[PDB]
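Results of the structural survey
Here are the chains, one letter per residue:
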Amino acid sequence: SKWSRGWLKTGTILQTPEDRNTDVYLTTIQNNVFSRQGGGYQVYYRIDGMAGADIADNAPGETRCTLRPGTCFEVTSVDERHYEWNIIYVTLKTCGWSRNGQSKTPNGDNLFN
Amino acid sequence: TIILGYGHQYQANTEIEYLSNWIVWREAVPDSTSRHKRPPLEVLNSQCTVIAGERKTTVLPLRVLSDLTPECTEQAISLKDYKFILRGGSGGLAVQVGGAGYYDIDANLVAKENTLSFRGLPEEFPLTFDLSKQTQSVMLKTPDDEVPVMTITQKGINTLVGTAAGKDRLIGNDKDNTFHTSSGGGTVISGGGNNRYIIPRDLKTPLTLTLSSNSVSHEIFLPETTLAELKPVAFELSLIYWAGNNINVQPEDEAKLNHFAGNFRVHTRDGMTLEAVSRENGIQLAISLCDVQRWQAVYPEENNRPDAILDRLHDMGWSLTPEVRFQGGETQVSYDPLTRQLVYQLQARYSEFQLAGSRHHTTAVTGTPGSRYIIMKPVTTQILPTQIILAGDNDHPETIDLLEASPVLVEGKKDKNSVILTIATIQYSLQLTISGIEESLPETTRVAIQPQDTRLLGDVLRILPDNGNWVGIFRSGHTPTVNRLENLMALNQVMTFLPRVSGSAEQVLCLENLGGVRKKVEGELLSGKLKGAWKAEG
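Residues numbered from 1 in each chain as written, not as in the entry; some residues may be left out. Chains lettered and ligands numbered in written order. Part of a larger assembly, values for the part shown. Heavy atoms only, no water.

The title given to this entry in the Protein Data Bank is "Lymphostatin, conformation 2 (composite structure)".

Glancing now at helix 1 (residues 70–78) of chain B. Residues and elements named next belong to chain B. Burial in helix 1 covers these residues: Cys 72, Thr 73 and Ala 76. Along the long axis of helix 1, the arc covered by the buried residues comes to 100°, so they all point the same way. Those residues of helix 1 that are exposed and aimed more than 90 degrees away from the buried face are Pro 70, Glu 71 and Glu 74. Where helix 1 is buried, its residues meet strand 13 (135–142) and strand 14 (145–153). (Buried < 20%, exposed > 50% of the residue type's maximum accessible area, 1.4 Å probe, protein only. Helix = DSSP H or I, 4+ residues; strand = E, 2+ residues; numbered from the N terminus. Arc of directions from axis to C-beta. Contact = heavy atoms within 4.5 Å.)

So, on to the sheet that holds strand 40 (residues 453–456) of chain B. All names here are of chain B. Taken together, the five strands give an open sheet; going across it, the order is 31-33-35-39-40, and neighbouring strands pair in mixed fashion. With one partner strand each, in any of the chains shown, strand 31 (352–355) and strand 40 form the two edges of the open sheet. Along the sheet, successive strands turn relative to each other by an average axial angle of 25°, direction set aside. Pairing geometry for strand 35 (residues 399–401) and strand 39 (residues 446–450), over three bridges, is parallel. If you follow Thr 399 over to strand 39, its bridge partner there is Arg 446. (Pairing = 2+ DSSP bridges. Axes fitted to C-alpha atoms, helices over the stretch in contact; angles between N-to-C directions.)

The next point concerns the sheet that holds strand 12 (residues 127–130) of chain B. Residues and elements named next belong to chain B. Strand order across the open sheet formed by five strands is 12-16-18-20-24, with parallel pairing between neighbours. At either margin of the open sheet sits one strand with a lone partner, and together these are strand 12 and strand 24 (250–251). Here strand 12 runs beside strand 16 (residues 168–171); their pairing, made up of four bridges, is parallel. Opposite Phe 129, over in strand 16, you have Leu 170 as the bridge partner.

This is the structure we're talking about:
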């Protein structure tokens, strides 16, 4: 809903909330997941390491995987060059069970919808 | 927070007693038989004093009169002359009387709130306090007599709090007063200034409010009452409950009842804020605000839309103020019942807004750059016209969406720098008026007629004749709806993937050629089935 400019810095610890599973996608060109939907700021993540993410039962033509709740992420190179376009680009990386980080913005909006 | 006791300075009169048995001398009480001697313990002082600092201070003396049990009453009567001298500061002083004594409250007039609470008394206690009197006494109904168990001298008190569930007779001052009335009814007689009231639910006796002639404004809070419990009685400021005792608001003089027009605001737990508006032949209570967050908190199951709330409120028989504001929510909605127009003022950028006309009002949207308005499907006939006001920054163009409306025929019109559309489904129709803020239509706004057919507003504004003549823009016929426009420029495998759609149950893929040489698509179906190749109109 709301994003403060520069609240996230490279090297900041990140993790998914205590939801059942956070679904990730390996294809976005025609699965139609990266197209804009909803209001506010769209954040596009790119998790480099996806080993250890269990695949989901997929119908022919879609690539979707689930992420275990409470998994570590190392924020790397947050780029808000398109902040005026309400598009925020963020790159992530998996880590070990470090037991720290935030799954919500400073104002409190939950990440990984 | 200061908790106070009832401490006296004693003088222990004693004597020296010879104990010949243990050849020692010991301190002893005086012999009562020897004529008349001083008592073994003698009370000297019965006073206590607190001087408050600069911050807010609460004083809670020990509660001696907490019920009507004979022992507690005897104790309170015994402690009826104890002196409390409390001097407040700039922050404010709140005093909760213990039940017995002589209270000397000196509250600072600079402070915004000085409270005098009687909640420590027994729950069902007949209370009678007047804020206009400098010195007052609280009488206690003992068997066959009245004892002034309390004597309060106050200066600067403006936040009288009644007992728990007793018939109270509160009288306010000429300044601003706040009344936390009990749950036992009684009578409240405010003075001048601005008076606020907080009345609980389930009054055991009708509560009568008297409006003094020098009073200017009044706010009534009902933190435990929802609007569904209030019966809409016209030409009366009294709040009548559907079930239970009702407030009985009456002015001091009936002639000046029209004075409280716009200065008598009644809040409510669910969110509505009744406002007293002068009508053609008197006054009436009509809904003025609706805090949608509180309404959702009270009624989450019900659909939360300003139009739904409006029709539900009209169903209960409630008049509407000429300006009804719907605070909260993603947008600040306003209503004008005389013109039956509903106005949305978008606030955020790139916000997805859903637009749906109704049969009782005309819907208008004041957009913001980057926003996307979706036209909801018509479901009833005689839908009043709609209006979208674009905010064009030429860098973040809005998009107007007709994908969910399922249009069948769309016809356009032009007049006074505003494109007028019509959207007809297989059975219904709806008129939509696109406009602009600067008397010019932004030529970058994108209208999405069909999923693969998105047309710029600058493109659309060309084919529209300048006279008000309707020209066909789209029709469900011709070539069918295309759900994927895959050009033949792409070479080799393209893993064309069309997801299932349960509602439509029909997916159309269009293979387009723009080259001068006949192509040859060597396909291979891996999942799904095809119905053939579309050939003609019908």
